[PDB]
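**Q** Structure below; questions to follow.
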Amino acid sequence: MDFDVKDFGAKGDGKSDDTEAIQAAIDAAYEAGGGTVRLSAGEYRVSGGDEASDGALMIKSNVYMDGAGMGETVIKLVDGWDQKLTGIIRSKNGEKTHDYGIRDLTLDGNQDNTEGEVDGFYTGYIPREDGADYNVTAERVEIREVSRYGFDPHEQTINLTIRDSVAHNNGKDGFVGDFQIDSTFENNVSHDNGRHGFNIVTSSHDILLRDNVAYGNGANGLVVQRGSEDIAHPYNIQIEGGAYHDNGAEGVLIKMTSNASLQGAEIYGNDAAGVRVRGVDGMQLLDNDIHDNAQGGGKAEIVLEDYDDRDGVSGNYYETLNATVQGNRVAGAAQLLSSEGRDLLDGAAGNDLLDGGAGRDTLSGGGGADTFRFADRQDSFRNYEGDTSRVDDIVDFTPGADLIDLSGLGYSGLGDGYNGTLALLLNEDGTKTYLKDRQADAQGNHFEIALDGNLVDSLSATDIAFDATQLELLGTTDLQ
Ligand SMILES: O=C(O)[C@H]1O[C@@H](O[C@H]2[C@H](O)[C@H](O)[C@H](O[C@H]3[C@H](O)[C@H](O)[C@H](O)O[C@@H]3C(=O)O)O[C@@H]2C(=O)O)[C@@H](O)[C@@H](O)[C@@H]1O
Ligand SMILES: [Ca+2]
Ligand SMILES: [Ca+2]
Ligand SMILES: [Ca+2]
Ligand SMILES: [Ca+2]
Ligand SMILES: [Ca+2]
Ligand SMILES: [Ca+2]
């Protein structure tokens, strides 16, 4: 059931306030049980209501607004509006609005000629209560010149899809997904916004971010994060393809998140690290193309690190855990640090720092001069019964180029494996070389590292840093 805004008195002349006419069309479509509100090419001026939560236009269940195309149909806020306006198009607070959407139109926040925080598209039910909008679609929508958030789908929305859309020149974030669930952001561009290209926050989970592009933003290209409150972390965030480039901060930042994945993206020209991972439990960083970042200074293309929130709202320390970093092309240093559990950490052409922490890790440096750090004797060991399920292995150690950093472990040098020395040994068939502490500790464990290949004759004392002085002399990276 199609309704034309023109038939309800909308002028689309750039001067008349068409808010009531477009709302009438929306209400007629809703009362018929659903329909498409069509808008022909033209600039429609709209105004807010008594309160910020009134937005400007109130979309309703089973109503879809179809324009004549981005740039053709433009919905613009009136000159002189001076009130906070939370959603130029929005669904109602306190209602579980469903099966609605917007296509082929532009929202213009008119921040130049207005004052107050304005958001373009706002969805959701009630902050901090159970309940959700659901089945929400934005297709080929452009949102520009709002003073705060362009696309601002909010808590909670299930099965939001935003595809083939653009957010640009907004005051804060182009796209913000607040407690989005089972939702899809595909083939979008967010550029030249005041802060973030994309910001996934507030417990969002099962999100696919496929083939999105973020550039020229004042802050991150994409950030996935808990947010400032003590609430459940986001989880199951899959970022595939796209490009995150020339932003004012990190290209992609992921923090206080569980089961995040970043695969096949191009990440370049950012002012800070290309990829930064802070306190993430389950991180896959696969097959990306990462180069020419840290333009504003900084030593690393990729940073894996913890997130210490002990002085913050949660009181918790969050380790990065369960990391898989493989197949990336990285023209610069990767800092690949993780902790308890099995990590697979592959460096790239740069001079990388690798430390899988506790648990059995498999490390490779790739090209360049890499440092494999072992920070605790309990991070790589054989137990009293000879079980090797906690012995780390280094895949491609290159004597004369790479370095094993044992500077915190209190061994003196190579030797017979007793009295604080480590023994350099080959296995029976000559396929693996070991560094062994032959002295069991009180729990019966032996520090041990396995190295692929036969290195008993090529590996020497200058390939291992046994104390801080040796580390200063021999360290291969800018990261210690
Ligand atoms: O998490 C936030 O704080 C979130 O709040 C959003 O504004 C909400 C606001 O929090 C509140 O729920 C308000 O509720 C109004 C309701 O809309 C209606 O006017 C009712 O008569 O009174 C309620 C009230 O006074 O509590 O609705 C706001 C809304 O805009 O839906 C946004 O500001 C968001 O940016 C922020 O993160
Ligand atoms: Ca709603
Ligand atoms: Ca202004
Ligand atoms: Ca580990
Ligand atoms: Ca390397
Ligand atoms: Ca190397
Ligand atoms: Ca380990």
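To be explicit about the labels: the chains of the structure tokens are called A, B, and onward in the order shown, and within each one the residues are counted from 1, while ligands get numbers from 1 in the order they are shown.
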If you count only C-alpha atoms, which residues fall within 12 Å of range 6-11 of chain A, apart from same-chain ones fewer than 6 positions away, as a list in words?

**A**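 Once the adjacent positions are removed, what remains is residues 17, 18, 19, 20, 21, 22, 23, 24, 25, 26, 27, 28, 29, 37, 38, 39, 40, 41, 42, 43, 44, 45, 46 and 75 of chain A.
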
**Q** For ligand 5, collect every residue having any atom at a distance of at most 6 Å from a ligand atom (counting only C-alpha atoms and all ligand atoms); output as a VMD selection string.

**A** chain A and resid 347 to 352 365 to 370

**Q** Got time to write the residues from that selection, N, CA, C and O atoms, as a compact mmCIF listing (two decimals), in the first residue's frame?

**A**
# COMPACT_ATOMS: atom_id res chain seq x y z
N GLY A 347 54.29 -13.26 12.93
CA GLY A 347 54.71 -11.95 12.49
C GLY A 347 54.74 -11.87 10.97
O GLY A 347 54.35 -12.80 10.26
N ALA A 348 55.23 -10.74 10.47
CA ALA A 348 55.24 -10.45 9.04
C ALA A 348 56.60 -9.82 8.72
O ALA A 348 57.60 -10.10 9.39
N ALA A 349 56.67 -9.05 7.63
CA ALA A 349 57.95 -8.54 7.14
C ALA A 349 58.66 -7.61 8.12
O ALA A 349 59.85 -7.34 7.93
N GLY A 350 57.98 -7.11 9.16
CA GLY A 350 58.60 -6.17 10.09
C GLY A 350 59.39 -6.86 11.19
O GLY A 350 59.50 -8.08 11.26
N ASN A 351 59.99 -6.04 12.06
CA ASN A 351 60.74 -6.52 13.21
C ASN A 351 59.74 -6.63 14.35
O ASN A 351 59.38 -5.62 14.97
N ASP A 352 59.28 -7.84 14.62
CA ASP A 352 58.13 -8.05 15.48
C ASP A 352 58.53 -8.52 16.87
O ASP A 352 59.63 -9.04 17.09
N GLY A 365 58.13 -15.62 13.21
CA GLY A 365 58.45 -14.23 13.02
C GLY A 365 58.27 -13.71 11.60
O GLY A 365 58.04 -12.52 11.39
N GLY A 366 58.37 -14.60 10.62
CA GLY A 366 58.41 -14.09 9.26
C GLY A 366 59.73 -13.40 8.94
O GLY A 366 60.76 -13.61 9.60
N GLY A 367 59.69 -12.56 7.91
CA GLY A 367 60.86 -11.80 7.52
C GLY A 367 61.24 -10.80 8.59
O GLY A 367 60.52 -10.56 9.56
N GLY A 368 62.42 -10.21 8.43
CA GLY A 368 62.91 -9.24 9.39
C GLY A 368 63.49 -9.89 10.64
O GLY A 368 63.61 -11.11 10.75
N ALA A 369 63.85 -9.05 11.59
CA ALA A 369 64.53 -9.47 12.81
C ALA A 369 63.53 -9.42 13.96
O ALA A 369 63.14 -8.33 14.41
N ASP A 370 63.13 -10.58 14.46
CA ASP A 370 62.04 -10.69 15.42
C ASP A 370 62.53 -11.14 16.78
O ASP A 370 63.49 -11.92 16.89

**Q** List as a Markdown table every residue of chain A that is in contact with ligand 3, defined as an atom at most 6 Å from one of its atoms (using only C-alpha atoms and all ligand atoms), together with the nearest atom pair and the distance in Å rounded to one decimal, sorted by chain and then rising number.

**A**
| residue | atom | partner | partner_atom_place_in_ligand_line | distance |
| --- | --- | --- | --- | --- |
| A:111 | CA | ligand 3 | 1 (Ca) | 4.4 |
| A:112 | CA | ligand 3 | 1 (Ca) | 4.5 |
| A:113 | CA | ligand 3 | 1 (Ca) | 5.6 |
| A:114 | CA | ligand 3 | 1 (Ca) | 4.6 |
| A:115 | CA | ligand 3 | 1 (Ca) | 4.3 |

**Q** Write to file, as a short mmCIF file (atom, residue, chain, number, x, y, z; two decimals), in the first residue's frame, the residues of the selection just made, with N, CA and C atoms.

**A**
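File out_21.cif, as written:
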data_model
loop_
_atom_site.label_atom_id
_atom_site.label_comp_id
_atom_site.auth_asym_id
_atom_site.auth_seq_id
_atom_site.Cartn_x
_atom_site.Cartn_y
_atom_site.Cartn_z
N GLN A 111 23.83 21.11 10.68
CA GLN A 111 24.54 21.55 11.88
C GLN A 111 25.05 22.98 11.73
N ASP A 112 25.33 23.42 10.50
CA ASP A 112 25.82 24.79 10.32
C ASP A 112 24.82 25.81 10.82
N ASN A 113 23.53 25.61 10.52
CA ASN A 113 22.49 26.58 10.83
C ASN A 113 21.60 26.15 11.98
N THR A 114 22.08 25.24 12.83
CA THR A 114 21.33 24.77 13.99
C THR A 114 22.30 24.62 15.16
N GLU A 115 21.75 24.50 16.37
CA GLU A 115 22.59 24.16 17.51
C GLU A 115 21.89 23.10 18.36
#

**Q** Taking only C-alpha atoms and all ligand atoms and a cut-off of 10 Å, can you tell me which residues surround ligand 2, written as a list in words?

**A**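 So, counting only C-alpha atoms and all ligand atoms, the residues near ligand 2 are residues 58, 59, 60, 61, 90, 91, 92, 93, 94, 95, 96, 97, 98, 122, 123, 124, 125, 126, 131, 132, 133, 134, 154, 155, 156 and 157 of chain A.
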
**Q** Once you have the residues from the selection above, write them out as an mmCIF file, in the first residue's frame, restricted to N, CA, C and O atoms.

**A**
data_model
loop_
_atom_site.group_PDB
_atom_site.id
_atom_site.type_symbol
_atom_site.label_atom_id
_atom_site.label_comp_id
_atom_site.auth_asym_id
_atom_site.auth_seq_id
_atom_site.Cartn_x
_atom_site.Cartn_y
_atom_site.Cartn_z
ATOM 1 N N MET A 58 8.565 10.140 13.172
ATOM 2 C CA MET A 58 8.370 8.932 13.970
ATOM 3 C C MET A 58 7.975 7.814 13.014
ATOM 4 O O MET A 58 6.833 7.762 12.557
ATOM 5 N N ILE A 59 8.912 6.919 12.709
ATOM 6 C CA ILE A 59 8.586 5.775 11.867
ATOM 7 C C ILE A 59 7.964 4.702 12.740
ATOM 8 O O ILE A 59 8.203 4.644 13.951
ATOM 9 N N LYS A 60 7.146 3.863 12.116
ATOM 10 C CA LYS A 60 6.311 2.930 12.844
ATOM 11 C C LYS A 60 6.356 1.550 12.210
ATOM 12 O O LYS A 60 6.861 1.373 11.101
ATOM 13 N N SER A 61 5.747 0.577 12.873
ATOM 14 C CA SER A 61 5.864 -0.808 12.442
ATOM 15 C C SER A 61 5.213 -1.038 11.079
ATOM 16 O O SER A 61 4.099 -0.569 10.830
ATOM 17 N N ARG A 90 13.192 8.270 13.567
ATOM 18 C CA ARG A 90 13.387 7.412 14.727
ATOM 19 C C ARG A 90 12.131 6.597 14.988
ATOM 20 O O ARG A 90 11.040 6.929 14.515
ATOM 21 N N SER A 91 12.294 5.519 15.749
ATOM 22 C CA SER A 91 11.158 4.781 16.280
ATOM 23 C C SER A 91 10.888 5.240 17.711
ATOM 24 O O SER A 91 11.706 5.913 18.343
ATOM 25 N N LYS A 92 9.720 4.872 18.222
ATOM 26 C CA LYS A 92 9.277 5.402 19.503
ATOM 27 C C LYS A 92 9.974 4.688 20.657
ATOM 28 O O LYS A 92 10.082 3.454 20.676
ATOM 29 N N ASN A 93 10.455 5.479 21.610
ATOM 30 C CA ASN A 93 10.900 4.952 22.890
ATOM 31 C C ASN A 93 9.767 4.190 23.570
ATOM 32 O O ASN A 93 8.619 4.637 23.590
ATOM 33 N N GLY A 94 10.092 3.041 24.150
ATOM 34 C CA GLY A 94 9.079 2.284 24.859
ATOM 35 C C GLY A 94 8.167 1.463 23.983
ATOM 36 O O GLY A 94 7.198 0.885 24.487
ATOM 37 N N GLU A 95 8.442 1.394 22.688
ATOM 38 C CA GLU A 95 7.694 0.537 21.794
ATOM 39 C C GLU A 95 8.672 -0.358 21.043
ATOM 40 O O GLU A 95 9.741 0.092 20.606
ATOM 41 N N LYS A 96 8.312 -1.633 20.933
ATOM 42 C CA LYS A 96 9.083 -2.601 20.170
ATOM 43 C C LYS A 96 8.711 -2.523 18.695
ATOM 44 O O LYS A 96 7.733 -3.146 18.278
ATOM 45 N N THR A 97 9.281 -1.536 18.011
ATOM 46 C CA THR A 97 8.936 -1.227 16.619
ATOM 47 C C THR A 97 9.616 -2.203 15.667
ATOM 48 O O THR A 97 10.783 -2.552 15.869
ATOM 49 N N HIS A 98 8.920 -2.645 14.619
ATOM 50 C CA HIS A 98 9.440 -3.769 13.850
ATOM 51 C C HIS A 98 9.037 -3.677 12.382
ATOM 52 O O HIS A 98 8.026 -3.062 12.021
ATOM 53 N N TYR A 122 17.661 6.857 14.565
ATOM 54 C CA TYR A 122 17.683 6.310 15.920
ATOM 55 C C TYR A 122 16.647 5.198 16.043
ATOM 56 O O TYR A 122 15.510 5.356 15.590
ATOM 57 N N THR A 123 17.040 4.070 16.639
ATOM 58 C CA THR A 123 16.176 2.901 16.813
ATOM 59 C C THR A 123 16.305 2.380 18.243
ATOM 60 O O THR A 123 17.192 2.786 18.992
ATOM 61 N N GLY A 124 15.426 1.456 18.623
ATOM 62 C CA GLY A 124 15.539 0.768 19.894
ATOM 63 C C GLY A 124 14.306 0.947 20.759
ATOM 64 O O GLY A 124 13.324 1.582 20.376
ATOM 65 N N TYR A 125 14.367 0.361 21.952
ATOM 66 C CA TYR A 125 13.179 0.269 22.790
ATOM 67 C C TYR A 125 13.319 1.108 24.057
ATOM 68 O O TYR A 125 12.804 2.225 24.095
ATOM 69 N N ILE A 126 14.140 0.694 25.019
ATOM 70 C CA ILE A 126 14.324 1.469 26.250
ATOM 71 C C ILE A 126 15.711 1.156 26.788
ATOM 72 O O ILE A 126 15.992 -0.017 27.087
ATOM 73 N N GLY A 131 13.878 -5.966 25.734
ATOM 74 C CA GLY A 131 12.982 -5.566 24.666
ATOM 75 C C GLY A 131 13.753 -4.928 23.530
ATOM 76 O O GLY A 131 14.853 -4.409 23.747
ATOM 77 N N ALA A 132 13.203 -4.958 22.320
ATOM 78 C CA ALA A 132 13.985 -4.571 21.158
ATOM 79 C C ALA A 132 13.073 -4.177 20.006
ATOM 80 O O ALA A 132 12.019 -4.784 19.809
ATOM 81 N N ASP A 133 13.494 -3.169 19.242
ATOM 82 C CA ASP A 133 13.069 -3.091 17.857
ATOM 83 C C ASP A 133 13.604 -4.315 17.120
ATOM 84 O O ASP A 133 14.580 -4.940 17.548
ATOM 85 N N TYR A 134 12.973 -4.670 16.000
ATOM 86 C CA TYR A 134 13.526 -5.770 15.217
ATOM 87 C C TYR A 134 13.133 -5.649 13.749
ATOM 88 O O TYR A 134 12.122 -5.031 13.398
ATOM 89 N N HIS A 154 19.983 1.856 18.256
ATOM 90 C CA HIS A 154 20.231 1.940 19.687
ATOM 91 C C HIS A 154 19.552 0.783 20.405
ATOM 92 O O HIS A 154 18.958 -0.110 19.789
ATOM 93 N N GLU A 155 19.653 0.814 21.731
ATOM 94 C CA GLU A 155 19.391 -0.347 22.573
ATOM 95 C C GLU A 155 17.896 -0.620 22.718
ATOM 96 O O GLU A 155 17.119 0.292 23.001
ATOM 97 N N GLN A 156 17.479 -1.866 22.467
ATOM 98 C CA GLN A 156 18.146 -2.931 21.708
ATOM 99 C C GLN A 156 17.491 -2.983 20.327
ATOM 100 O O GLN A 156 16.322 -2.627 20.191
ATOM 101 N N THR A 157 18.236 -3.415 19.310
ATOM 102 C CA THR A 157 17.681 -3.649 17.984
ATOM 103 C C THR A 157 18.196 -4.987 17.479
ATOM 104 O O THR A 157 19.404 -5.245 17.512
#

**Q** Pick the closest to residue 306 in chain A from A:285, A:337, A:214, A:294: which is it, counting only C-alpha atoms?

**A** A:337

**Q** Show me, as a short mmCIF file (atom, residue, chain, number, x, y, z; two decimals) with C-alpha atoms, in the first residue's frame, the residues that have an atom within 10 Å of residue 287 in chain A when counting only C-alpha atoms, minus same-chain residues fewer than 2 positions from it.

**A**
data_model
loop_
_atom_site.label_atom_id
_atom_site.label_comp_id
_atom_site.auth_asym_id
_atom_site.auth_seq_id
_atom_site.Cartn_x
_atom_site.Cartn_y
_atom_site.Cartn_z
CA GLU A 240 35.48 -8.96 6.87
CA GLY A 241 36.90 -7.09 3.91
CA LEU A 262 39.19 -9.05 11.51
CA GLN A 263 39.90 -10.68 8.12
CA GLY A 264 40.86 -9.51 4.63
CA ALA A 265 40.79 -5.75 5.23
CA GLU A 266 43.14 -3.10 3.86
CA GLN A 284 41.35 -13.64 14.97
CA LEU A 285 43.47 -11.33 12.78
CA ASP A 289 46.92 -5.86 4.31
CA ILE A 290 48.38 -3.42 6.86
CA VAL A 325 47.24 -13.90 14.00
CA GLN A 326 48.02 -15.41 10.61
CA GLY A 327 48.52 -14.60 6.94
CA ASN A 328 48.71 -10.82 7.32
CA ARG A 329 50.90 -8.60 5.16
CA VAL A 330 52.31 -5.99 7.55
#

**Q** Please check which protein, DNA or RNA residues sit within 7 Å of ligand 7, counting only C-alpha atoms and all ligand atoms, and write them as a ChimeraX atom specification.

**A** /A:356-361,379-380,391-392

**Q** Please extract the residues of range 290-363 of chain A with a backbone DSSP assignment of strand (DSSP E or B) and present them as a ChimeraX atom specification.

**A** /A:290-291,302-305,307-309,316-318,321-326,329-331,334-337,344-346,353-355,362-363

**Q** Between A:30, A:447, A:64, A:149, which is the closest to ligand 1 once you count only C-alpha atoms and all ligand atoms?

**A** A:149

**Q** What residues of the protein or nucleic acid chains come within 12 Å of ligand 4 when you use only C-alpha atoms and all ligand atoms? Reply as a VMD selection string.

**A** chain A and resid 281 to 282 319 to 324 336 to 345 354 to 363 373 to 376 378 to 380 390 to 393
